[PDB]
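>
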Amino acid sequence: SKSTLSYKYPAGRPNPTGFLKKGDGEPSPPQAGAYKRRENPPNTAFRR
Amino acid sequence: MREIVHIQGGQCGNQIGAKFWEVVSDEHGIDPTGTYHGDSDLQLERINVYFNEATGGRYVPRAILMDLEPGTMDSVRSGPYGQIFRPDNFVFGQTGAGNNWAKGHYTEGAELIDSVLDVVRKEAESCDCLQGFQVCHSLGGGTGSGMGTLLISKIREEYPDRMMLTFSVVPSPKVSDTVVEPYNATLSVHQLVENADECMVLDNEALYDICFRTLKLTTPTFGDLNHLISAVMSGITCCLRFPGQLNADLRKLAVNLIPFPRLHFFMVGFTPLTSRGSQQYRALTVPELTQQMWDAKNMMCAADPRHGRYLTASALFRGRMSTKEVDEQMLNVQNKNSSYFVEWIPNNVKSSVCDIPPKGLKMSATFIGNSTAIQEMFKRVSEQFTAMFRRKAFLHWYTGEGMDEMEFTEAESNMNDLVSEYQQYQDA
Amino acid sequence: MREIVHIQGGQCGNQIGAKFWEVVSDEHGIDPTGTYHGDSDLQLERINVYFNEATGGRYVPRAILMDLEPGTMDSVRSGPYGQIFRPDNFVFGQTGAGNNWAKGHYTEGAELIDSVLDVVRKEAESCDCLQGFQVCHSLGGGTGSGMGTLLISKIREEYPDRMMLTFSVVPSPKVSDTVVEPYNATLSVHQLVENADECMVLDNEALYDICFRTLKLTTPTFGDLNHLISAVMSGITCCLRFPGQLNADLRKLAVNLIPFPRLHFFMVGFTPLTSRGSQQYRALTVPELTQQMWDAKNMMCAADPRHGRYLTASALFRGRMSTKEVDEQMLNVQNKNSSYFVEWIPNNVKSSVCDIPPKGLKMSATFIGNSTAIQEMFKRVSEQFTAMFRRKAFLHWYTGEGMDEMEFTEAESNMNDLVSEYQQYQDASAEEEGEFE
Amino acid sequence: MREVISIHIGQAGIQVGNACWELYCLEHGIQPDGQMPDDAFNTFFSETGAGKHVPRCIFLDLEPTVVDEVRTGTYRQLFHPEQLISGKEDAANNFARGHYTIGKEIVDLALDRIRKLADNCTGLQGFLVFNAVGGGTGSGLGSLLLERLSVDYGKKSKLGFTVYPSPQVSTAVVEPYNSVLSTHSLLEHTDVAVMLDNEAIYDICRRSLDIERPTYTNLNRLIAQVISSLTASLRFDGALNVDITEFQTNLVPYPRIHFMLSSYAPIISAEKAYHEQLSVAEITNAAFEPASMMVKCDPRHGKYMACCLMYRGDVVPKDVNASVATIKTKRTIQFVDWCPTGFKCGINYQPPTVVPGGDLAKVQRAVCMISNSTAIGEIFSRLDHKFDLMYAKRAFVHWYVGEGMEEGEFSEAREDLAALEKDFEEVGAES
Amino acid sequence: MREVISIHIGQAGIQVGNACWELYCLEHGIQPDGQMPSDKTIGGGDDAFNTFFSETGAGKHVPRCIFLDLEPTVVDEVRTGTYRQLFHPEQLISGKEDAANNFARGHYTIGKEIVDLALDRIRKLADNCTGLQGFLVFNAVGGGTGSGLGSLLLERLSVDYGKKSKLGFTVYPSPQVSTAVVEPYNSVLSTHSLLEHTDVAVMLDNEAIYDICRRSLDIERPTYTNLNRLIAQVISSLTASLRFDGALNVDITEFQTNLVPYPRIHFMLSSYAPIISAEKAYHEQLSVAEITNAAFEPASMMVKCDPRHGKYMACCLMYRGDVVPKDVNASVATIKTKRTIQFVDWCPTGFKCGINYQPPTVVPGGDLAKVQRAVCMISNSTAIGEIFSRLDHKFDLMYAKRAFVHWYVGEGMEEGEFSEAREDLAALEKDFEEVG
Ligand SMILES: CC(=O)O[C@H]1C(=O)[C@@]2(C)[C@H]([C@H](OC(=O)c3ccccc3)[C@]3(O)C[C@H](OC(=O)[C@H](O)[C@@H](NC(=O)c4ccccc4)c4ccccc4)C(C)=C1C3(C)C)[C@]1(OC(C)=O)CO[C@@H]1C[C@@H]2O
Ligand SMILES: Nc1nc2c(ncn2[C@@H]2O[C@H](COP(=O)(O)OP(=O)(O)OP(=O)(O)O)[C@@H](O)[C@H]2O)c(=O)[nH]1
Ligand SMILES: Nc1nc2c(ncn2[C@@H]2O[C@H](COP(=O)(O)OP(=O)(O)OP(=O)(O)O)[C@@H](O)[C@H]2O)c(=O)[nH]1
Ligand SMILES: Nc1nc2c(ncn2[C@@H]2O[C@H](COP(=O)(O)OP(=O)(O)O)[C@@H](O)[C@H]2O)c(=O)[nH]1
Ligand SMILES: Nc1nc2c(ncn2[C@@H]2O[C@H](COP(=O)(O)OP(=O)(O)O)[C@@H](O)[C@H]2O)c(=O)[nH]1
Ligand SMILES: [Mg+2]
Ligand SMILES: [Mg+2]
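Protein chains in written order, with UniProt numbering: chain G, 63 to 88, 102 to 123; chain X, 1 to 428; chain F, 1 to 437; chain Z, 1 to 37, 46 to 439; chain A, 1 to 436.
(1) Mind checking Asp203/X: buried by the 16 CB within 10 Å criterion, or exposed?
(2) Taking the Cβ atom as the reference point for each residue, do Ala231/X and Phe270/X lie within a distance shorter than 8 Å?
(3) Between which two residues does the beta strand (DSSP E) harbouring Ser115/F extend?
(4) Quick check on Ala247/A - is its C-beta less than 8 Å from some C-beta in chain F?
(5) In terms of residues, what are the limits of the beta strand (DSSP E) holding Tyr312/A?
(6) Using a cut-off of 7 Å between C-beta atoms, extract the partners of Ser413/X located in chain G.
(7) Does the stretch 334 to 350 of chain X come within contact of the stretch 267 to 285 of chain X, defined as at least 3 CB pairs closer than 8 Å?
(8) In the structure shown, what three-state DSSP assignment does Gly134/Z receive?
(9) Judging by CA-CA distance, which residue of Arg46/F, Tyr281/F and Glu401/F is the nearest neighbour of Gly57/X?
(10) What three-state label does DSSP hand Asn256/F in the structure shown?
(11) Ordered along the chain, which non-local residues of its own chain (more than five positions away) have a Cβ less than 6 Å from that of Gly244/X?
(12) Give the single residue among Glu421/F, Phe389/F and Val419/F whose Cα lies nearest to the Cα of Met406/F.
(13) Between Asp251/A and ligand 2, is the CB less than 7 Å from at least one heavy atom?
(14) For my contact list, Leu112/F and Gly93/F are in at a C-beta cut-off of 8 Å; report their separation, rounded to the angstrom.
(15) Look at the Cβ atom of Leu86/Z, then the Cβ atom of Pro32/Z, and state whether they are nearer than 8 Å.
(16) Along the alpha helix (DSSP H) that carries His137/F, what are the first and last residues, could you check?
(17) Leaving out the 5 sequence neighbours to the left and right, which residues in its chain are closer than 7 Å to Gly43/A when beta-carbon positions are compared?
(18) Got a sec? Which residues, its chain only, sit under 6 Å from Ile7/Z by beta carbon, not counting five neighbours each side?
(19) Could you check if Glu108/X is buried or exposed, using at least 16 other CB atoms within 10 Å of its CB as the buried criterion?
(20) Is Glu288/F near ligand 1, judged by its Cβ being under 7 Å from some heavy atom?
(21) Determine, for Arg2/A, whether the minimum Cβ-Cβ distance to residues of chain F falls below 8 Å.
(22) Closer than 7 Å to a non-hydrogen atom of ligand 3 - does that hold for the CB of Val188/A?
(23) Only counting the same chain, and skipping five residues up and downstream in sequence, which positions put a Cβ closer than 6 Å to that of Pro305/F?
(24) Whole angstroms is fine: what's the gap from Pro171/F's alpha carbon to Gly9/F's?
(25) If distances are taken between C-alpha atoms only, which option among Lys370/A, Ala278/A, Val177/A and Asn186/A comes closest to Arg105/A?
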């Protein structure tokens, strides 16, 4: 947001099912797999 | 301080806003080049309620023009005062609206909000002290009505404490400019009952009455009616823009006006209005301003206040005048014809005054009335809705955008409850 | 004092180099004839940082142009500002590079280095206090990659103390201008990590959008993109050339930017950027400059800051401004978006400012960010490299110049080592306990 | 941004397209050689590298004998020759030939040309389809084109101006078959249809223009005037702009009822103009007069369901409102009960243009009224009765069955038309 | 400085030699006298003619080409046509007898006694060069002179230069249309010989150009003089970066490394766009987007191969005229998004773009129209292995009976060299399979 200097989530697109009725009185970054165990397939050369 | 951000939605809004910014700009002596060329230092003090400084001493308005099918913007962008706007405050979609409340609210409007909201915020923060919003509507078409309300609900939640006005032009009783008008009206009203603080209602038909019954005009054009609407809109923010011995902020005008949170529909009227021949006979004094404004003809809406009762009222006089006459006049009225005023409110008028009249006059006024005759707009619209919604006419165009059906009845029941609130408080 | 010698590699760097020398020359008010015709004495105060005074009161740039296929040097020689270069600073080879890193680095490279070094030294002694070098690259072709890195290594061992910049243009994520692109990209990175001290990465794609959305341009030409790159290239050395109430040398921009000797890949962006239409209305204040710069679009590199976390950043303002405003502004961003900034660094922005704005503006700012999202670039490149080296496509060329196979696997391993460094420090908290739980 | 695509199928399609384009070039100052001596021509044209304004239309037909007249005429530098589409052999007034046998070889090139023509468009408003129901090419090929267009675009808006087979004056004998077939085919695909009849326009030319021998070109001049009035608000300023979607939404009440009448006023001779005054009230009364209807339908045998009006020239909104209120107060105008509303009005500041060597008169006010009445039940009944009288004996059916059809297509179409007339009866009936 | 040597062998080789050299002389303003007009100089640059010419001691420009043939009857035409003042008579070469559609005569019997003459002509024609980019061999696979002598030439070129780059714009025998009967033989006999010697070989067909002439140009009476004009347009667009300025220059060397992945897969297709007449030309805009769509169409190919049955290993796009790099960058990205256009997994890249500021020239009295944008696409697709399979069939169809063989073995050949060349094809065909 150019106005608040903050990364904010986008607003919600309307939906016809969620229409208003009579009564109305009223961001972390995706972490990288630094310590995540990589996939170890059995496709080594020793096994072969 | 006290800044105001202004919206113009739809074809009607994009054209009322043309005359509005032409009126206000001349009131502060700024050219279509945006440069200030007035005389007094009074214009410069509160210029920032509508404009922003720019390099070289230009003053661009704090407006936002939004519309589907930007064809009508190409007009104002080419007019005399079309060179003042910032080009980034021109939001538009390549497709058309279609006088269809659905796609103006669900499909196409939604694809523009992501851009519109970046526009409203970037110039809501430039305001050191935001006062409120104001919009100009048209309850007939799709862009003004559909995108208008959808814009409001986004604004109502982002800035709940600030104030939101709507100078919505409502449909006409006897000649309808569109056929789908009653559908588009209620579905918008169902938004204004909950997402609006004040809502002045206007009718193009009653505007015609004032236009040749009082002004006695010959060839009235929409350019002349907008010279009327822009006169009352400019008549509100005088206390914000000009000093006065009894000022009246925009917020204090509401608290003195609506007793209950739902009755935020008003009716307005301007004074004085004379022909080119009458200015020779009639005199300009407070007793004249106070009878032409209290009459049942200057009411710019097509609702006769004599078929109801006034809850409260208001008046924004302009020009150095005697602040007693204004006090005893608005008193004398409530006493004479006591049948039209409620009893559990002893003194039901508010009176402000500004030392600075319009640019060309010496005295002027402006009127805001909260009557129970406003229900007449809602009876007439309620039947025109039910006469064709019970038959399911013109409706396959609305379900085409995945709209439901209860969204019609809920929008209607909400009205037929609002029409009863206006009657409890009318003990006749 | 504080002299800077300039190199221009490949066709690209030789082409943006023609634009850079068109900006600084006009910044110091000298004409395409090379004679000074500016106004202030400030233009002459620090002209020696780029130029050598000549007879008759003319100023010749301290640049070097190296490129096989001399046809392109016949272009810059023909441009408007072509007559200012010393023609003896035109080292070219009659053959062609062929977009082949090997011959640009092994065969045809080795035939010019004996000549180029004799030029670089010739104007290294002309300087009394050499500040550093700077090169322009294009990691795609053979000349920009092969001859470039081959040159750097020659400079690093003969001038170890001094500093080397690098304005290398990197491949594009979605489009490829060449077909052997991921081969030339990796084989160079194995040379920039050791022998470079700073390296700004720039991409043609993100330039097309900046020219499309922000500048609202319709048909950006290379004469326009290279106009952008030339801008920020000048935006760095403003402290060396002009006064400032908070100066920033090249060395003091590096020490405050690279905490570890391997993370010297930066990401740049320029401000302000508006069209001719909106320029009529925009008021230029430190707020406007500090919102635009921190945005994710202005990053001329094709790396999204949302996928990472800013290790450090920088901001090189210029123009008579208030030094408090810039100080608290960068403090707000660090506080609102605190999650995108590492916590084992208390404050991670250095704010500089110069008293001299650009020639036609009133205020301007230049941004450098050392983000952990840059690893996305090295993922994509390392992916394409292992999609074709697994099949050994286009490889019978590189072996044609006496290369072998290990020198490819090393090049890729030396990237996966690098991309781990970014992943570790992007997810390492101040405490040594939260990571392993 | 405000761009439309025009399609002229069959003979009468291009016969009226010629008039429409001689109108548009003259109205926008476009010489016949493409170029003129923005945002005003962009609705109908496209600018090349230098000056040339090529129109965004397509002329489709199966007889070379008319596309070659066009190619040799003065209007030959206008069109990209790939737009003028012709075939070796014609449909020979045969729906089966037009639909199953011949048109299915050139639909491919017509569609790829429409694709290339809509590519350059930025904001596309809708497809105008000038068709002539009654001739094999027109009918069958327009049905096929509309089905393909609906499956391609779908969201776009299709207006179809269909010269309808006439009650008595008819240049054919088999047309009661292909009219029913074309209706049953296109009904599900067109978004709105404007009907108009050669007999009604002959009567208009007789009574108003004082011309007694109109050779198919005066009718085309009148149709060009009508479309210019209808699409003004796309390329000319003025209060109450109205575009295609607004036009169709508040006018088509049910998915079936989308056929509508048309009118125009004033329509006079260069001397009755000079000897009359033509105020807006007179204009609107003449528009709502039945004897001005461009189709052979009498609106006093039904009840209106909506009307659309496009005023041009020196018109003021108060006068429009007063005239509409007077029409409402009048007693000879009926309205089906469930529409208390019923008028979509628009204004344009651009008066209607006149052509050199034409026959209309220079005026400053004009109205093109378009109403959806429940009286076209009578023309549907006429057409169905004629189809009935003929198909009772299996007359001419061997042609349609040999050219690639079978019998069930006649029964489907007749039952659809029976259902359509029952619709037009019921949806008007009041409780 | 940037010079090439253009060799034309056989008849169709020197038939298009009359078309290319009609263009270059016209494109640089050189009138058929070899002089410049010297009064209305239009050449925006100097020493640009140097790519194809050699200014003499005073005024005249001699083209650096070599017309070679065994039939006198066609080179005797050049010596009488208007283009007789251009060529040094020592360049035009002729023989007394003809190969007569026989690879053995073109390769073994007759060719061996005039190569020494031609080679010495090339030697003296490359000495005056300073920087020689590479040769440019024009051939017509299917004749005795084109294949027999053409192959015998390249071997003599490889053993001499080797490090130099050779290109082959060899016309290829068409599947259906065929102006001969023994061309399946001498075609196969050519490839096995040129393959180890040519460095890249562009192929194009007489039949596919007939249709481009039929659909787009809409010509009902095509002739070899109508096809030869197109090949002039390609090579003009190809060598433009050698003799003109513009962003993204492309040299022959840079063109060859990033287009040939394996040492033997170098048989690449071609295409050109727009190809239109004077009437359609001016009711259009010819966006960069629509041009690069027709370039990748299967109809705009110049070989009767369907690229939709295979995948693209690389593509090279020489733009020409007024093109900005953003549109190439935006329109190529449109194509990678399409689904009809496949790319083998081992190349996530695949485009070597090129731009030139010098628009294409038009021959007065030609058939093409003047434009401002043009695209010559050169792609290396794996579907090209199909046209290599038809000849594997027809050769196998007649070699069973051993028809026409007594000619070849009668002129200093052996039956071994027939199954010799057959190995290399069935070996080559599977090479197009290994990459799948
Ligand atoms: C009347 C006026 O003020 O016009 C401006 C202008 O409106 C804008 C739009 C300029 C203008 O720039 C562009 O429109 C543009 C186009 C393509 C690529 C890049 C820029 C301007 O060209 C750029 C030019 O900038 C300069 O003169 C700087 O000193 C700049 N000079 C050059 O880059 C240069 C140009 C030609 C020859 C030699 C040098 C510079 C930048 C960095 C370091 C030193 C100098 C200025 C302010 C203007 C114009 C003329 C419209 C902008 O550019 C700069 C670099 O400031 C684009 O966004 C900024 C904001 C400016 O307000
Ligand atoms: N208003 C008007 N109607 C025309 C005109 N020409 C023909 N018509 C009518 O169109 C109907 C015939 O349509 P055509 O287009 O000629 O027939 P078709 O669709 O081409 O089918 P084929 O003749 O088999 O090719 C007849 O009823 C004509 O009265 C014209 O120029 N103006
Ligand atoms: N595109 C094109 N193809 C041609 C042309 N002339 C001949 N061809 C084709 O080339 C093939 C014949 O090759 P030639 O050059 O005549 O034979 P050669 O190589 O000279 O050997 P000899 O016949 O013994 O003289 C045939 O397939 C022709 O269709 C031409 O002018 N343009
Ligand atoms: N005062 C005034 N009212 C107008 C004007 N134009 C339209 N209106 C009213 O606006 C209504 C139509 O709504 P419209 O703005 O066209 O549709 P929208 O684009 O979806 O907002 C009609 O009832 C008109 O009477 C104008 O120019 N001046
Ligand atoms: N911004 C910009 N990038 C360029 C320009 N010219 C080339 N590039 C890039 O340079 C790359 C080609 O490398 P190149 O230097 O031509 O080959 P080399 O001679 O072997 O180094 C391509 O990826 C081009 O996109 C230019 O003028 N401006
Ligand atoms: Mg016909
Ligand atoms: Mg021959």
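No residue lacks a Cβ here, since even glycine has one placed at the ideal position from N, Cα and C.
On the basis of the data shown:
(1) buried
(2) yes
(3) Careful: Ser115/F lies outside any beta strand (DSSP E), inside the alpha helix (DSSP H) at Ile113 to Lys122.
(4) yes
(5) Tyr312 to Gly321
(6) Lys84
(7) no
(8) strand
(9) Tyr281/F
(10) coil
(11) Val353, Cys354 and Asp355
(12) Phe389/F
(13) no
(14) 6 Å
(15) yes
(16) Here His137/F belongs to no alpha helix (DSSP H); instead the beta strand (DSSP E) covers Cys136 to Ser138.
(17) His28 and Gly29
(18) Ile66 and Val137
(19) buried
(20) no
(21) yes
(22) no
(23) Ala296, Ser371 and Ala373
(24) 16 Å
(25) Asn186/A
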